[PDB]
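J.: Structure: coords.pdb, PDB, N, CA and C atoms.
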MODEL        1
ATOM      1  N   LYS A   1       1.627  -1.844  30.039
ATOM      2  CA  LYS A   1       2.376  -3.094  30.052
ATOM      3  C   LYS A   1       2.079  -3.921  28.806
ATOM      4  N   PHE A   2       1.781  -3.238  27.705
ATOM      5  CA  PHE A   2       1.477  -3.909  26.447
ATOM      6  C   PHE A   2       2.561  -3.637  25.408
ATOM      7  N   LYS A   3       2.674  -4.530  24.431
ATOM      8  CA  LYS A   3       3.669  -4.388  23.375
ATOM      9  C   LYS A   3       3.099  -3.616  22.191
ATOM     10  N   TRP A   4       2.982  -2.302  22.347
ATOM     11  CA  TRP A   4       2.453  -1.450  21.288
ATOM     12  C   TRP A   4       3.425  -1.370  20.116
ATOM     13  N   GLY A   5       4.712  -1.529  20.407
ATOM     14  CA  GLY A   5       5.721  -1.472  19.366
ATOM     15  C   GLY A   5       5.483  -2.492  18.270
ATOM     16  N   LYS A   6       4.853  -3.605  18.629
ATOM     17  CA  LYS A   6       4.564  -4.663  17.668
ATOM     18  C   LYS A   6       3.588  -4.178  16.601
ATOM     19  N   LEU A   7       2.433  -3.690  17.041
ATOM     20  CA  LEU A   7       1.414  -3.192  16.122
ATOM     21  C   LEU A   7       1.930  -1.990  15.336
ATOM     22  N   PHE A   8       2.588  -1.071  16.035
ATOM     23  CA  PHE A   8       3.132   0.124  15.402
ATOM     24  C   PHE A   8       4.112  -0.247  14.293
ATOM     25  N   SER A   9       5.046  -1.138  14.610
ATOM     26  CA  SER A   9       6.046  -1.576  13.642
ATOM     27  C   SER A   9       5.383  -2.235  12.436
ATOM     28  N   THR A  10       4.500  -3.191  12.705
ATOM     29  CA  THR A  10       3.797  -3.902  11.643
ATOM     30  C   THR A  10       3.105  -2.929  10.696
ATOM     31  N   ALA A  11       2.187  -2.134  11.237
ATOM     32  CA  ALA A  11       1.456  -1.158  10.439
ATOM     33  C   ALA A  11       2.410  -0.260   9.658
ATOM     34  N   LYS A  12       3.371   0.328  10.362
ATOM     35  CA  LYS A  12       4.348   1.210   9.736
ATOM     36  C   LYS A  12       5.037   0.515   8.565
ATOM     37  N   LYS A  13       5.384  -0.753   8.758
ATOM     38  CA  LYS A  13       6.046  -1.532   7.718
ATOM     39  C   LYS A  13       5.158  -1.657   6.483
ATOM     40  N   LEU A  14       3.947  -2.167   6.681
ATOM     41  CA  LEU A  14       3.001  -2.338   5.583
ATOM     42  C   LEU A  14       2.836  -1.039   4.800
ATOM     43  N   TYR A  15       2.662   0.063   5.521
ATOM     44  CA  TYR A  15       2.491   1.368   4.893
ATOM     45  C   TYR A  15       3.696   1.716   4.024
ATOM     46  N   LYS A  16       4.870   1.774   4.647
ATOM     47  CA  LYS A  16       6.100   2.094   3.934
ATOM     48  C   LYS A  16       6.279   1.185   2.723
ATOM     49  N   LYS A  17       6.075  -0.112   2.926
ATOM     50  CA  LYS A  17       6.211  -1.087   1.851
ATOM     51  C   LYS A  17       5.239  -0.783   0.715
ATOM     52  N   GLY A  18       3.963  -0.634   1.058
ATOM     53  CA  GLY A  18       2.956  -0.342   0.056
ATOM     54  C   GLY A  18       3.318   0.858  -0.797
ATOM     55  N   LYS A  19       3.713   1.947  -0.147
ATOM     56  CA  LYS A  19       4.087   3.166  -0.853
ATOM     57  C   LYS A  19       5.266   2.914  -1.788
ATOM     58  N   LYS A  20       6.367   2.425  -1.226
ATOM     59  CA  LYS A  20       7.563   2.136  -2.009
ATOM     60  C   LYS A  20       7.235   1.221  -3.185
ATOM     61  N   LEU A  21       6.434   0.195  -2.924
ATOM     62  CA  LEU A  21       6.042  -0.753  -3.961
ATOM     63  C   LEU A  21       5.032  -0.128  -4.917
ATOM     64  N   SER A  22       4.428   0.977  -4.493
ATOM     65  CA  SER A  22       3.439   1.671  -5.310
ATOM     66  C   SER A  22       4.116   2.641  -6.274
ATOM     67  N   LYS A  23       5.091   3.387  -5.765
ATOM     68  CA  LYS A  23       5.820   4.354  -6.578
ATOM     69  C   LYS A  23       6.550   3.659  -7.724
ATOM     70  N   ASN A  24       6.739   2.350  -7.592
ATOM     71  CA  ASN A  24       7.424   1.569  -8.616
ATOM     72  C   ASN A  24       6.574   1.466  -9.879
ATOM     73  N   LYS A  25       6.988   0.597 -10.795
ATOM     74  CA  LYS A  25       6.265   0.400 -12.045
ATOM     75  C   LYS A  25       4.849  -0.102 -11.782
ATOM     76  N   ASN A  26       4.652  -0.720 -10.622
ATOM     77  CA  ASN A  26       3.343  -1.245 -10.248
ATOM     78  C   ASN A  26       2.265  -0.175 -10.395
ATOM     79  N   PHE A  27       2.657   1.081 -10.207
ATOM     80  CA  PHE A  27       1.724   2.196 -10.316
ATOM     81  C   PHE A  27       0.964   2.142 -11.638
ATOM     82  N   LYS A  28       1.689   1.878 -12.720
ATOM     83  CA  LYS A  28       1.085   1.796 -14.045
ATOM     84  C   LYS A  28      -0.075   0.805 -14.055
ATOM     85  N   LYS A  29       0.209  -0.434 -13.666
ATOM     86  CA  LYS A  29      -0.810  -1.476 -13.628
ATOM     87  C   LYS A  29      -1.970  -1.069 -12.724
ATOM     88  N   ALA A  30      -1.650  -0.699 -11.489
ATOM     89  CA  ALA A  30      -2.665  -0.285 -10.528
ATOM     90  C   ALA A  30      -3.562   0.802 -11.112
ATOM     91  N   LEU A  31      -2.947   1.786 -11.758
ATOM     92  CA  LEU A  31      -3.691   2.886 -12.363
ATOM     93  C   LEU A  31      -4.660   2.370 -13.422
ATOM     94  N   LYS A  32      -4.117   1.729 -14.451
ATOM     95  CA  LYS A  32      -4.932   1.184 -15.530
ATOM     96  C   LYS A  32      -6.051   0.307 -14.977
ATOM     97  N   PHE A  33      -5.696  -0.588 -14.062
ATOM     98  CA  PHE A  33      -6.671  -1.487 -13.453
ATOM     99  C   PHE A  33      -7.844  -0.704 -12.872
ATOM    100  N   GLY A  34      -7.548   0.174 -11.919
ATOM    101  CA  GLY A  34      -8.588   0.973 -11.296
ATOM    102  C   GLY A  34      -9.370   1.792 -12.303
ATOM    103  N   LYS A  35      -8.655   2.503 -13.169
ATOM    104  CA  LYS A  35      -9.290   3.333 -14.186
ATOM    105  C   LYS A  35     -10.308   2.527 -14.988
ATOM    106  N   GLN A  36      -9.836   1.479 -15.653
ATOM    107  CA  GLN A  36     -10.707   0.628 -16.455
ATOM    108  C   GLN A  36     -11.907   0.154 -15.640
ATOM    109  N   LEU A  37     -11.641  -0.323 -14.430
ATOM    110  CA  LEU A  37     -12.699  -0.808 -13.549
ATOM    111  C   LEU A  37     -13.771   0.258 -13.348
ATOM    112  N   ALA A  38     -13.337   1.504 -13.187
ATOM    113  CA  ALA A  38     -14.260   2.614 -12.990
ATOM    114  C   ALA A  38     -14.903   3.034 -14.308
ATOM    115  N   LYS A  39     -14.216   2.760 -15.410
ATOM    116  CA  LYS A  39     -14.719   3.108 -16.734
ATOM    117  C   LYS A  39     -16.015   2.361 -17.037
ATOM    118  N   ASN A  40     -16.122   1.140 -16.524
ATOM    119  CA  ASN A  40     -17.310   0.323 -16.738
ATOM    120  C   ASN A  40     -18.574   1.091 -16.367
ATOM    121  N   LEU A  41     -18.543   1.748 -15.214
ATOM    122  CA  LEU A  41     -19.686   2.524 -14.742
ATOM    123  C   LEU A  41     -20.965   1.695 -14.797
TER
ENDMDL
END
Please, can you express the file's structure as structure tokens?

T.:
Amino acid sequence: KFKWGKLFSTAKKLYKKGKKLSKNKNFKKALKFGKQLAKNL
């Protein structure tokens, strides 16, 4: 008797959004950012 669809929808949305927004040009920035950050060592 719980609204599982709420959590499922929310999570699913964030995931789909993140991916779609990731495959975009944002990937470049995200990549460089992480890379450089790890380069510091």

J.: When DSSP works through the backbone of this structure, what residues of chain A end up as helix (DSSP H, G or I), shown as a PyMOL selection string?

T.: chain A and resi 4-23+26-39

J.: To one decimal place in Å, what is the distance between atom N of residue 35 (chain A) and atom N of residue 22 (chain A)?

T.: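 Here the two named atoms are 15.8 Å from each other.
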
J.: Report, in Å with one decimal, the straight-line distance from CA of residue 37 (chain A) to CA of residue 25 (chain A).

T.: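 Here the two named atoms are 19.1 Å from each other.
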
J.: Quick one: pull the distance between CA of residue 19 (chain A) and CA of residue 31 (chain A), Å, one decimal.

T.: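 Calculated distance between CA of residue 19 (chain A) and CA of residue 31 (chain A) is 13.9 Å.
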